[PDB]
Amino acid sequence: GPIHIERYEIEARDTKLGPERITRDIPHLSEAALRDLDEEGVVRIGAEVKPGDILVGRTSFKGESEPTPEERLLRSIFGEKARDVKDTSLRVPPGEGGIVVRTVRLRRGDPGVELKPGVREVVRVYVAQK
């Protein structure tokens, strides 16, 4: 019986709306949903992941017509720091899951690292399927 190891991947890229970021600091998520994430937002080795569970936390800035009108005013008034990010995390797909066995994280500008044009960072998670 061969063990099935999946390779999951997510990129945080530069965007016209501002940078995507790999992080643990994700809005609208319960403590339980964040439970197995390291301080970077990357799921810990040894964790059991099931469909819908987070492997890698990510947030992105919202599109133009997403915020409410009051939220558009607040931005204009208080500045570009008064913007709400949204949850764009890497989640375990339907019908998959298992145990996290390895992670890899690379950052643009580190020595020897060459990422796609636009990519600030990339994280891969390996899961041994059950």
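Sequential numbering from 1, following the sequence displayed.
Asker: On mean C-alpha B-factor from the PDB entry, just flag whether 23-31 or 64-72 is the higher one.
Answerer: Higher mean C-alpha B-factor in the PDB entry: 64-72.
Asker: Check the entry's C-alpha temperature factors for 13-21 and 105-113, then say which stretch has the higher mean.
Answerer: Taking the mean B-factor of the alpha carbons in each, 105-113 is higher.
Asker: Which listed residue, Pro94, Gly98, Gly57, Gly46, has the largest C-alpha temperature factor in the record?
Answerer: Answer for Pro94, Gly98, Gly57, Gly46: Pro94, with the highest C-alpha B-factor.
Asker: By the CA temperature factor listed in this entry, which of these ranks top: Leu90, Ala82, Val85, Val42?
Answerer: Among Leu90, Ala82, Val85, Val42, the highest C-alpha B-factor in the entry belongs to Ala82.
Asker: Thinking about Cα B factors across the chain, which third does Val123 belong to?
Answerer: According to the entry, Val123 has a C-alpha B-factor in the chain's middle third.
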